[PDB]
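First up is the structure itself, then whatever we jot down about it.
Every read-out reported here was derived from the displayed coordinates using simple, explicitly stated rules and does not represent laboratory data. Here Cβ is always computed from backbone atoms with ideal geometry, including for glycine, and neighbour counts include all displayed protein chains.
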Amino acid sequence: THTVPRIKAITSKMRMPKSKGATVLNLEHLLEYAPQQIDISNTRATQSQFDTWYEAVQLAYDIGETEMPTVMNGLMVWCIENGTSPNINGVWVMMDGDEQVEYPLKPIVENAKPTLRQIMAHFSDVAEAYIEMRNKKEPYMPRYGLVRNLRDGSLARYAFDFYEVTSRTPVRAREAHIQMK
Amino acid sequence: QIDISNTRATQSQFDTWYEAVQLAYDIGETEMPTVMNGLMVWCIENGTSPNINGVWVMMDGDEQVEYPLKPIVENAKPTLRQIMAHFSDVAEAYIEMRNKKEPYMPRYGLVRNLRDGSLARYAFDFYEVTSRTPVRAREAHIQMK
Amino acid sequence: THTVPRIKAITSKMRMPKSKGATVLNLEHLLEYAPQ
């Protein structure tokens with residue numbers, strides 16, 4: 001009785017689900033299957049829906065693979081400032097120089113399954129990588145902020161309707177979206 | 001406590017909900033497990049009450065693969081939540097493994113403003129509050145649910 | 001068993017109408033005939 005007694009740690013065999021004696025899962029793989037948080041979320045559309053929403057818009061405008069990118073570059077900047085739920089009728093605008101050029105919104109909002117927000121979320125990372133660049137020159141704030149009274153200056157990078165709150169969001173901002181959304 | 005609760009479906013209902021889905025996909029006993037592995041991870045992040053129409057996704061590499069939701073939600077008696085609860089214990093045993101590498105949080109938390117870091121293990125719609133729940137978390141579900 | 005299983009898309013052979021073994025239409029043209 002010279003050895004102090006150490007409490008034994010009972011082992012709670014987790015209840016692995018089964019159907020008829022065999023196991024349902026194959027943990028052998030479960031411990032290796034590791035996706036990314038965004039790519040299985042619903043805040044983004046599957047790469048199928050996005051592939052459709054890109055081919056269909058590439059068709060309605062009838063521009064061409066070589067130049068359609070430059071158009072999408074505009075759609076982001078437009079969405080950032082205004083939002084991602086406009087009237088199906090109407091025109092979004094992009095500019096060369098100062099000659100505003102309009103495009104019809106119908107082919108975009110219509111072919112966006114289930115909604116434009118999701119589809120535009122595919123540019124979320126690039127969106128913040130664009131606002132950061134913009135603010136460097138001068139103080140810029142997504143309008144989404146100007147209507148919600150945001151003047152952090154640091155939260156401007158994450159102020160637009162189609163930011164996907166992933167897991168790597170500085171929490172100084174995650175609060176903003178839920179409060180507004 | 002779990003095996004007589006209603007938050008889990010009887011082993012009959014679950015046995016049906018597994019055979020029926022094994023049929024609709026027509027995959028095979030050998031590989032259906034790997035699919036169910038995806039359904040959990042999908043349910044964890046999104047929930048367990050999606051539109052009967054639509055597709056849940058699982059990935060090999062980065063080529064998202066879609067499956068139809070209809071055969072799952074339909075054959076789940078009385079609801080998907082219950083059926084998915086059979087993976088509750090494995091679910092937490094999966095989140096714990098995930099957080100080790102980096103900070104991960106079920107989306108169920110991100111929408112409910114959860115940033116405990118320790119409660120992430122128990123943040124998903126289909127956790128069965130058994131009797132062995134650390135009470136630091138039992139409060140979360142009732143407040144949200 | 002390292003490859004995720006992809007569901008096969010069964011192919012619903014539309015029932016092209018026929019009379020006595022031969023086909024009634026001539027899709028060869030149907031896919032080009034386009035009126036207003």
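Relative to the longest principal Cα axis of chain B, at what angle does helix B:88-101 sit, 0 to 90 degrees, rounded to 10?
70 degrees
Distance from the Cα centre of the range A:134-151 to that of the range A:163-179, in angstrom?
Cα centroid to Cα centroid, the span is 17 Å.
Calculate for chain A the 222 nm mean residue ellipticity that helices alone would give, adding -39,500 (n - 2.57) per DSSP H run of length 4 or more and normalising by residue count, nearest 500 deg cm²/dmol.
Computed ellipticity for chain A at 222 nm equals -12000 deg cm²/dmol.
When the label point is put 7 Å from the Cα of C:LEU25 along its Cα-to-beta-carbon vector, which residues of the range C:1-19 have a backbone N closer than 16 Å?
Hits in the range C:1-19 for C:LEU25 at 16 Å: C:12-19.
Provide Rg over Rh for the range A:98-181; use the alpha carbon set for both Rg and the Kirkwood Rh (inverse mean inverse pair distance).
1.00
Give the angle, between 0 and 90 degrees and rounded to the nearest 10, that separates the Cα long axis of helix B:11-25 from the longest principal axis of the Cα atoms of chain B.
Around 50 degrees separate the two axes.
For the range A:41-79, which GluC sites (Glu not before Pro) are both in a DSSP coil and crowded by at most 14 other Cβ atoms within 10 Å? Intermediate results must be reported in sequence, preceding the final value.
Values: sites: A:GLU55, A:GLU65, A:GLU67; in loops: A:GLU65, A:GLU67.
Passing both the DSSP loop test and the Cβ count: A:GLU65, A:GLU67.
If I take the Cα coordinates of the protein assembly as shown and project them onto the principal axes, what are the three extents in Å, biggest first?
Largest to smallest, the principal-axis extents are 92, 77, 33 Å.
Using the structure shown, list the pairs from B:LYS100/B:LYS145; B:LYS70/C:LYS8; B:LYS70/C:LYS13; A:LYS113/B:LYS70; A:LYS181/B:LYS145 with a Cα-Cα distance above 21 Å, or answer none.
B:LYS100/B:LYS145; B:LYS70/C:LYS13
Might you report the magnitude of the Cβ-based charge dipole of the range B:21-99 about its Cα centre, with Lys and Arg at +1 and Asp and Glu at -1, to the nearest 20 debye? Spell out each step's value before the answer.
On the way: 4 positive and 12 negative charges, 87 e Å.
Using Cβ point charges on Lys, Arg, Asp and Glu, the range B:21-99 gives about 420 debye.
Just the ratio, please: alpha-carbon radius of gyration of the range B:68-145 over 2.2 N^0.38 Å, N its number of residues.
1.15
Would you please give the FRET efficiency between A:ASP125 and C:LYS18, computed as 1/(1 + (r/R0)^6) with r the Cβ-Cβ distance and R0 = 45 Å, to the nearest 0.05?
Result of the calculation: an efficiency of 0.25.
Tell me the relative contact order for chain A as a rounded percent, counting alpha carbon contacts under 8 Å between residues six or more apart. Mind showing how you got there, number by number?
Working: 158 pairs, mean separation 37.9, N = 181.
After rounding, I find 21 percent.
Please give the length that would be gained between A:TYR140 and A:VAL4 if that part of the chain were fully extended, namely 0.36 nm times their separation in residues minus their C-alpha to C-alpha distance (nm, one decimal).
Contour length minus the Cα-Cα distance gives 42.3 nm.
According to the Cα gyration tensor, what semi-axes, each the square root of 5 times an eigenvalue, does the equivalent ellipsoid of chain B have, listed from largest to smallest in whole Å?
Details: eigenvalues 125, 73, 36 Å².
Semi-axes from the Cα gyration tensor: 25, 19, 13 Å.
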